[PDB]
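Chains as they are written, first to last, in the entry's author numbering: chain L, 86 to 159; chain X, 3 to 735; chain G, 69 to 211; chain V, 78 to 166, 168 to 240; chain D, 456 to 529; chain Z, 65 to 128; chain P, 2 to 81; chain U, 604 to 677.
Note that beta-carbon positions come from the ideal geometry of N, C-alpha and C, so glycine has one too.
What follows is a single structure, written as structure tokens, with notes after it.
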Amino acid sequence: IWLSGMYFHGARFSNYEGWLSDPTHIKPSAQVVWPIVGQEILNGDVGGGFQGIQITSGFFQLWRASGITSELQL
Amino acid sequence: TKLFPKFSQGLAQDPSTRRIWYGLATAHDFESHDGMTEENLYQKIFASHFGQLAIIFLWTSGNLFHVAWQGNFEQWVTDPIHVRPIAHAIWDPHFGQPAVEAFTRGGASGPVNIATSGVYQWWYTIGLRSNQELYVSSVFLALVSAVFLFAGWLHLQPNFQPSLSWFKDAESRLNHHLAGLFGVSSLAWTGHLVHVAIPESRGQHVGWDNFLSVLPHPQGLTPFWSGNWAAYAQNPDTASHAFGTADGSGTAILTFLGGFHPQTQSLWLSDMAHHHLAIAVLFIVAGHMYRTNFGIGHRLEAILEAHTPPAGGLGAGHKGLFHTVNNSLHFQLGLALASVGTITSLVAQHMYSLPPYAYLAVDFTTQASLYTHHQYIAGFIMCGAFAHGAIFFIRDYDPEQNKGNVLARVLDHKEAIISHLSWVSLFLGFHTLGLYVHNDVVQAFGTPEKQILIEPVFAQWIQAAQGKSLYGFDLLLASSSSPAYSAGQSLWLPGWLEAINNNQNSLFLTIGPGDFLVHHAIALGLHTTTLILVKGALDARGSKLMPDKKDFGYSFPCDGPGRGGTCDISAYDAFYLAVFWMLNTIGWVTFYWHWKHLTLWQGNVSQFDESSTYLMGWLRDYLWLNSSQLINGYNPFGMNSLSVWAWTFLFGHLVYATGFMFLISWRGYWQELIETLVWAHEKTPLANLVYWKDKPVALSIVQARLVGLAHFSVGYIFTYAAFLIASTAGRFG
Amino acid sequence: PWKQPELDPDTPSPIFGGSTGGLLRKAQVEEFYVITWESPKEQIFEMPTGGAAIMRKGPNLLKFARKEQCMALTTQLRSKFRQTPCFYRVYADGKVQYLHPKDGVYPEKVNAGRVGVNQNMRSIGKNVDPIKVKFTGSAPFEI
Amino acid sequence: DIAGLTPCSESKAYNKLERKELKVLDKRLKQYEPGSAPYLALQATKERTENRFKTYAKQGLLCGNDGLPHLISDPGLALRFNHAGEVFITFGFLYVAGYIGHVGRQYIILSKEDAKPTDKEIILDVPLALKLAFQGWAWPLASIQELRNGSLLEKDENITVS
Amino acid sequence: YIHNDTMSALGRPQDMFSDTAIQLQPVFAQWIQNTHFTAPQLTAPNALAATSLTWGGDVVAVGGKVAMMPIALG
Amino acid sequence: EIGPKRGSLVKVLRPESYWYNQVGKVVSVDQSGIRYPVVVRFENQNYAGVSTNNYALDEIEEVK
Amino acid sequence: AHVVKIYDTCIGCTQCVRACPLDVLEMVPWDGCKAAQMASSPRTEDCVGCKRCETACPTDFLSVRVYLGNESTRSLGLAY
Amino acid sequence: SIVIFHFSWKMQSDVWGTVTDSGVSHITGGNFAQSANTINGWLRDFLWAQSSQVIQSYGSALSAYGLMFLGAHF
Ligand code: CLA
Ligand code: CLA
Ligand code: CLA
Ligand code: CLA
Ligand code: CLA
Ligand SMILES: CC1=C(/C=C/C(C)=C/C=C/C(C)=C/C=C/C=C(C)/C=C/C=C(C)/C=C/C2=C(C)CCCC2(C)C)C(C)(C)CCC1
Ligand SMILES: CC1=C(C/C=C(\C)CCC[C@H](C)CCC[C@H](C)CCCC(C)C)C(=O)c2ccccc2C1=O
Ligand SMILES: CCCCCCCCCCCCCCCCCC=O
Ligand code: SF4
Ligand code: SF4
Ligand code: SF4
Ligand SMILES: [Ca+2]
């Protein structure tokens, strides 16, 4: 269930398609926060027309290693 | 059977290392020594008192000697603002080439260390101006110390040992202590202030060779024996007046001027004499209250028996309290420690606001070190007062003697007292932590306006009621028509108002929303430490989990792992737990003092006022910013004067971490480990020839708590002293 | 028991490999204990000093350094193999002392052949306070 | 204009801080397209910041020397001026806190009048808890009526060792 | 470590355990690193180069940032 | 016969017991002249875990 | 060594003699309880102080008490 | 904790960084060999020299790390 959640988050709430065309300039991100009390500041500008929590799990590099282009496969 | 614990045959018959350690622990518990009577106990206490006085006078004599030999006192008098005080010289064969070159400061020929005790300003204020007067006074203090040592031995001899009633005589003791020790000594001090300190401050040299030929006042006692006592306050020292010479001096001695001095930023020396004189007259007239062997006076037992309100407010009132207090020693010790611990904090709070020594406000490291030193000393003494109160309740509290009085009456609702203390502590903790975390999160979300800021409208009102016209409360002492303002308008109100309205001194500092939360944090620490100590003192002789606790003493490990487990159940354990809270409370009050003064001294008072609301601001602008020069004492590019402080700054961290070991790990694990080491030493070749005289054993449970607390307290003290003196000395004078 | 069985040597000790936890310099300089029992068959028991040893048939004798070790082996043999052991305390000079069971029945029975000692006819809680027993060297419970 | 403070409507530090935040938020607007989701999110955050500054101000709230709003807490000092709203309305917390306490005390007393009241604590009696939750709206009246009758305390039935 | 602390505090930097003063070099790990580096020439002929760039001499960099640079031991 | 009625709730008066000023049900009262014959049983367990104890005749009082 | 005491509120359940791991306590006959037996402690010098008897005591308060005192080679549990 | 501290400081001072035409510049100043021999070197050049980002993290995108930093300490 946890592994499926990481794949679903990378499929919907991430910028994997934007990072795939520029791996040396866009930072990975796979988590977006809702604007309740403040909290917009956490949604950092990670680049690629997207803003969210920058992840350090390496899921994007792993999804790069075994071919995965679109989000439909995720 | 060894013979080292001469006072205890039980520990003397111990075949382990426990005999050595415990031999150094119960060495002063004269109440539990083999074959000890009440008379022998009181006489032993009377001797140890003289030994303490002798070592105190010897210590101060050594301080005068070291400053007179290596300190630049004569060089500091001619320029008390630029030059730095010198404690003593440094002789270390371990020092290198750069250590000798870098440790030489203050205009010296060899390496020395600057003094933070602030004794130079004190001696310069009282009148010491030469390097010889400290020498002759140091030999005088050594002589009086020798006399005290002889006196202590003298009274430990037959036909010279005092009886038991002599010790149990409160009327003459209070009469003599209030008249001679408190009053005659104060009269002699104001005599020295008017005969030496006042003329030396005006350039007129007065010493033992010419004090009998120079009159303190032109009139010369003629007004003291005449109805013209105001002649001693005719011309006070003017504003434009140097403290070393007679430029702009006066001839008055007993004045009454509020505020400070324009050049030294301290109180007027012609006011402390008047103060000590009024205090001397009050104490001497108050020392004739109790009844000695005459036909006048009061009786303490009669006053205590007569103080009982009707309509059963306190039941028996104070009946039996005289015999309860006089018959017990821990009660008197707890009362004395409570009074001393309270006045020590009073000394700390008044010395920074109202500096009494000349050129003391300029020395920034001296003020910080003196305030921190006096506050930590007050905290330890305050913990000792409650510890001795618990010892009193366990050792000498007989319930049949004082039945139904206030002492036995406060014990009936100990659950109510402890529960209400618990409620106050929980309230302050929840709300101070919540306000700090709310301001922190709101500040972290890039929005400082959202954070809650409460203005202390009560303390600001008090400051406006005492003279500060910055807040705007048109109240008395800050108005122009109040009876309190017209009263004293010609006595001390102009100087007091001029000193309180200035925003550069430390007299009634301007408070704001950042002091509100810190004051609440101080209140939280005080109520929590009081809760632990009061609970350990009231529940000392029994509880519902252990009703016969009074039959187990004061410091026992536990009462087994039964009935759920009774770890840390003695009153000693309760005091042990309260030492940590005392350290935390004193650390909070000193962090507050040092940061407010650290931001006031550098003209950036707006830094603390806007960055002291959130804990991240505290950690960044206080612990991280002011520690830039301390850790740079020794780097791979050399070293400097602050390197010693940098070394002890890490030394304190190491002592603290070693204390965590004795606090976390318990005795059984270590007992098995020591057993394996014993087998190793017995079955090893060429080293089995030697053998231990006493069997090696692990430290006890109570001993482990005491050693861990000692390591924790030593690290907590050394680390903060290093950071305080380094951060202040490093960027200021 | 009916007579203190005198501890005698030349008893078959159990087969056991060399252990490491036992009989140090105190077992010789000061004192040590010794437990004897009777085994009805050949079994393997656990010594309170390391591994396991076997039970030699007939009499059995073991030596230890602490009384707690002999008491631990005694309760192990009484609750796991249904035996009746007894141990002694050998002093440095060689004075053997009978230790368990002293009355010889068992220490958890009555037998009506022992006088009570260290008993307080008062209930706990009726003890006087620390203040009353001052400089008397005695304590509330001791009184 | 009390305790030496000044209204948030006439403070330069308040406006300076407002412009600072509106500028640091506006600096992130250039990094995105004028009609996408990050642009819409940044625009919503800017509108909330302007509204908050306007809402915080012109409502009697006053700041002191740094543009940060300060709060007056003394009653009387907060009643003589329009500052009662900032903290003197403590009755809201006192009402909710007393509501929680009265509901819990009513559930403890009623559940104790049953054989073995223990399993009723680990397994709540939800129809009794929901009925007691909606019946305690007038909790101060029940508290004063339960105090005069003496049904709020005990005389001397407590496990004490005093 | 405590000895180097005291030697640096006392003004004697030439009496501490460092590379400039009295040193201690990990010769065994230095020899293993050298063995792994020159190993694909004699004891691994089918291998193109060393199994890692930790002990090598060729620094690789993608996007201007260093990827795997040789590691020295002192 | 000398103690209270079996099955009647009583109050403990031992000042050093875990059930001081509490209410316990009397399970049985011995008639052999022992020091503490009134045996009571309480709903709440003590710190050790037991729930019954035997008291004397003077340290047993009727409920309220 | 430690001082063990047995109060009169004993019921004679013989649990402390079963819990003692050093054979310190014993059961002597008595005429003040239903079991007609009270505990005693003749081998007090062998008390180690583990307080297992106090945990085995079922009456409230405990009928047996272990007051710790001076330590010897036997009471310190030393095997060397 | 000492293992991960050694890794982070050694990588930041001897491998990671950025390469340019005039050599390679590490993340830190390459002070692993001249500052790890003393205990004061760690507390000064690692915990105090670093963590300044964690300290000054308020109001930025990674503002949750300063809150997590203070929260973990509590
Ligand atoms: C006008 C009528 C009057 C009044 C108002 C008083 C009032 C008082 N009398 Mg008095 N008296 C009177 C007539 C009167 N008397 C007459 C006609 C006589 C005969 C001449 C006396 C003779 C007399 C004697 C001999 C004594 C008094 C005493 C007292 C004082 C205490 C009485 C008491 O029960 O303690 C109060 C009752 C309590 C239960 C104490 C409560 C303790 C509280 C709850 C503790 C809370 C502390 C908590 C931490 C607070 C937090 C605050 C924070 C800052 C720490 C009290 C102020 C006694 C006294 O002098 O004490 C000063 C005293 O001994 N009276
Ligand atoms: C007038 C006669 C007289 C005098 C002068 C003294 C004096 C003294 N007695 Mg004594 N006593 C007397 C009569 C007298 N006694 C009689 C008649 C009896 C029998 C009934 C006793 C029975 C007695 C006993 C049993 C004991 C003493 C003890 C002492 C010593 C107290 C310790 C001390 O030095 O604190 C010094 C106190 C002060 C300096 C004043 C108080 C200080 C307060 C806290 C304010 C601080 C001042 C100021 C703010 C600080 C400035 C200094 C700073 C600038 C450095 C002291 C020297 C004790 C002892 O043996 O020696 C230790 C003791 O045990 N006396
Ligand atoms: C007027 C001051 C005073 C006096 C006369 C006493 C007197 C007494 N205290 Mg007491 N106490 C005091 C203040 C005082 N205390 C204070 C301020 C505290 C709070 C810290 C305590 C807390 C306290 C406790 C908890 C206990 C006593 C006990 C006792 C009694 C015997 C133990 C003893 O003293 O042997 C001497 C003790 C020692 C020699 C131990 C010294 C080890 C010290 C603490 C460590 C030193 C720190 C470190 C090594 C410094 C070196 C730093 C390094 C870098 C160089 C004795 C009657 C004990 C008792 O009642 O008997 C059961 C008891 O348990 N006291
Ligand atoms: C105990 C300390 C404490 C306190 C006093 C506060 C107080 C506050 N916080 Mg804060 N906070 C805290 C801790 C604390 N916080 C901690 C520890 C954190 C970290 C987790 C935070 C994180 C945090 C954030 C992120 C935010 C706050 C915010 C706020 C404000 C919100 C006001 C509100 O909730 O709207 C109103 C709530 C209600 C009206 C609740 C309704 C309850 C019922 C339905 C009504 C009550 C009955 C009603 C009054 C009728 C009674 C009748 C009566 C008159 C008789 C408020 C001033 C927010 C803010 O805006 O900052 C200013 C916000 O952004 N806090
Ligand atoms: C609704 C039950 C309830 C009630 C009426 C009280 C009432 C009280 N408690 Mg208390 N408490 C409770 C539960 C309760 N507590 C629980 C569950 C705990 C364990 C966390 C505590 C722990 C506690 C401590 C440590 C202290 C008090 C204290 C006090 C008194 C001071 C006022 C206060 O608010 O303190 C604070 C109360 C708390 C911090 C507890 C808050 C936690 C919530 C409100 C409890 C949850 C109750 C639950 C929802 C009820 C179920 C509803 C039902 C329909 C199912 C007061 C009479 C103080 C005292 O000694 O008296 C002066 C004190 O020091 N309480
Ligand atoms: C345990 C115990 C003990 C101990 C105790 C203690 C420790 C206590 C304490 C305490 C404390 C530590 C206290 C304190 C105090 C103080 C106070 C209480 C005060 C006061 C006062 C006032 C009232 C004032 C007023 C004023 C004036 C006059 C002037 C200015 C203004 C004002 C207002 C400030 C003993 C041994 C005894 C025994 C018993 C028990
Ligand atoms: C390490 C350790 C030991 C073993 C510690 C021992 C045996 C200390 C002795 C080691 C040397 C001898 C200490 C060095 C002594 C000091 C440097 C100087 C002491 C001299 C003063 C009295 C003057 C315990 O006994 C123990 C007991 C209970 C809880 C935790 C522990 C525990 O952690
Ligand atoms: C947890 C129970 C549901 C389990 C099945 C989940 C089915 C989800 C199937 C994929 C749904 C994707 C919807 C995305 C809509 C927006 C498309 C744009 O990217
Ligand atoms: S202090 Fe040690 S022996 Fe005593 S109860 Fe706690 S764990 Fe057991
Ligand atoms: S404390 Fe241990 S050794 Fe002593 S009598 Fe009780 S169970 Fe036996
Ligand atoms: S365990 Fe307690 S009640 Fe039972 S026999 Fe021993 S002392 Fe008596
Ligand atoms: Ca001179």
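Secondary structure of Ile124 (chain Z), DSSP reduced to three states: Here residue 124 (chain Z) corresponds to residue number 60 of the sixth sequence, with the count starting at 1. If DSSP states are grouped into helix, strand and coil, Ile124 (chain Z) belongs with the strands.
Contact list for residue 157 (chain P) against chain Z, beta-carbon separation under 8 Å: Chain P is shown only over 2 to 81; residue 157 (chain P) falls outside these bounds and no answer can be derived.
Segments of 4+ residues assigned as alpha helix (DSSP H) that fall wholly inside the segment 409 to 494 of chain X: 416 to 446, 461 to 467 and 485 to 488
Pair within 8 Å by beta-carbon distance, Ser42 (chain P) and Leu23 (chain P): By 1-based counting over the seventh sequence, the position of residue 42 (chain P) is 41. By 1-based counting over the seventh sequence, the position of residue 23 (chain P) is 22. No.
Straight-line gap, residue 1 (chain X) to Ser268 (chain X) (C-alpha atoms, nearest Å): Because chain X in this structure spans residues 3 to 735, residue 1 (chain X) falls outside the shown range and cannot be described.
Ordered list of beta strand (DSSP E) runs contained in the segment 118 to 205 of chain G, each at least 3 residues: 120 to 122, 126 to 132, 154 to 159 and 164 to 168
Stretch-stretch touch, CB-based, cutoff 8 Å, three pairs: the segment 69 to 79 of chain Z with the segment 502 to 521 of chain D: no
Own chain partners of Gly67 (chain Z) with C-beta closer than 7 Å, once the 5 adjacent residues on each side are dropped: By 1-based counting over the sixth sequence, the position of residue 67 (chain Z) is 3. Answer for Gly67 (chain Z): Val93, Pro101, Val102 and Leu121, listed in chain order.
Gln223 (chain V) burial status per 10 Å Cβ neighbour count (16 or more: buried): Position 145 of the fourth sequence, counting from 1, holds the residue named residue 223 (chain V). Classification for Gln223 (chain V): exposed.
Member of X:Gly98, X:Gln99, X:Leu66 and X:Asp81 whose CA lies at the smallest distance from the CA of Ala89 (chain X): Walking along the second sequence from the start, residue 89 (chain X) turns up at place 87. For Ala89 (chain X), the nearest C-alpha among the options comes from X:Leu66.
Three-way DSSP call (helix, strand, coil) for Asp103 (chain V) in this model: Against the fourth sequence, residue 103 (chain V) aligns to sequence position 26. Of the three classes helix, strand and coil, the one that applies to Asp103 (chain V) here is helix, per DSSP.
Minimum Cβ-Cβ distance from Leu665 (chain U) to chain L less than 8 Å: Position 62 of the eighth sequence, counted from the first residue, corresponds to residue 665 (chain U). It does; some Cβ of chain L falls within 8 Å.
8 Å Cβ cutoff met for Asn328 (chain X) and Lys170 (chain X): The residue you call residue 328 (chain X) lines up with position 326 of the second sequence. The residue you call residue 170 (chain X) lines up with position 168 of the second sequence. The answer is yes: Cβ separation under 8 Å.
Touching by the beta-carbon criterion (3+ pairs, under 8 Å), the segment 393 to 407 of chain X and the segment 545 to 556 of chain X: yes
Chain V contacts made by the segment 121 to 151 of chain L, where a contact means CB separation under 8 Å: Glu125, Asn128, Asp130, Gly134, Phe135 and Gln136
Interface flag, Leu465 (chain D) vs chain X, CB-CB below 8 Å: Translated into the one-based positions of the fifth sequence, residue 465 (chain D) becomes position 10. So, interface residue.
Chain Z contact for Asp234 (chain V) (CB, 8 Å cutoff): Against the fourth sequence, residue 234 (chain V) aligns to sequence position 156. Yes, because at least one Cβ of chain Z sits closer than 8 Å to the Cβ of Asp234 (chain V).
Own chain, CB closer than 6 Å to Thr3 (chain X), minus 5 neighbours either side, in chain order: Here residue 3 (chain X) is taken as the residue at index 1 of the second sequence, counted from 1. Excluding positions up to five away in sequence, the list reads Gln15.
8 Å Cβ cutoff, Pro100 (chain X) in contact with chain D: Counting from one through the second sequence, the residue named residue 100 (chain X) turns up at place 98. By this cut-off, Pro100 (chain X) is an interface position.
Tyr137 (chain X), enclosing alpha helix (DSSP H) - first and last residue: Stepping through the second sequence from its first residue, residue 137 (chain X) is reached at position 135. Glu135 to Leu156 is the extent of the alpha helix (DSSP H) around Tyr137 (chain X).
Bridge partner(s) assigned by DSSP for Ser107 (chain G): The sequence position of residue 107 (chain G) within the third sequence is 39, counting from 1. The partner list for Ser107 (chain G) (beta bridge, DSSP) reads G:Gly126.
Proximity to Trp595 (chain X) [Cα-Cα], best of X:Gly336, X:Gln369, X:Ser572 and X:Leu5: Along the second sequence, read from residue 1 onward, the residue named residue 595 (chain X) stands at position 593. For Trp595 (chain X), the nearest C-alpha among the options comes from X:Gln369.
Bounding residues of the beta strand (DSSP E) (the contiguous stretch that carries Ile88 (chain X)): Here residue 88 (chain X) refers to the residue found at position 86 of the second sequence. Element bounds for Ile88 (chain X): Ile88 to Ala91.
Contact with chain G by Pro401 (chain X), beta-carbon distance below 8 Å: The count along the second sequence starts at 1 and reaches residue 401 (chain X) at position 399. Output row for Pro401 (chain X): interface = yes.
Identity of the residue in X:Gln99, X:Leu284, X:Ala241 and X:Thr118 nearest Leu180 (chain X) by Cα: Counting from one through the second sequence, the residue named residue 180 (chain X) turns up at place 178. For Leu180 (chain X), the nearest C-alpha among the options comes from X:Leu284.
Under 9 Å from the C-beta of residue 751 (chain X): neighbouring residues of chain P: The displayed coordinates of chain X run from 3 to 735. Any statement about residue 751 (chain X) would go beyond what the structure contains.
Bounding residues of the alpha helix (DSSP H) (the contiguous stretch that carries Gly182 (chain X)): Residue mapping note: residue 182 (chain X) aligns to position 180 of the second sequence, counting from 1. Element bounds for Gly182 (chain X): n/a, residue is neither H nor E.
Shell residues, 6 Å Cβ cut-off relative to heavy atoms of ligand 1: X:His309, X:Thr310, X:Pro311, X:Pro312, X:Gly315, X:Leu316 and X:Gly319
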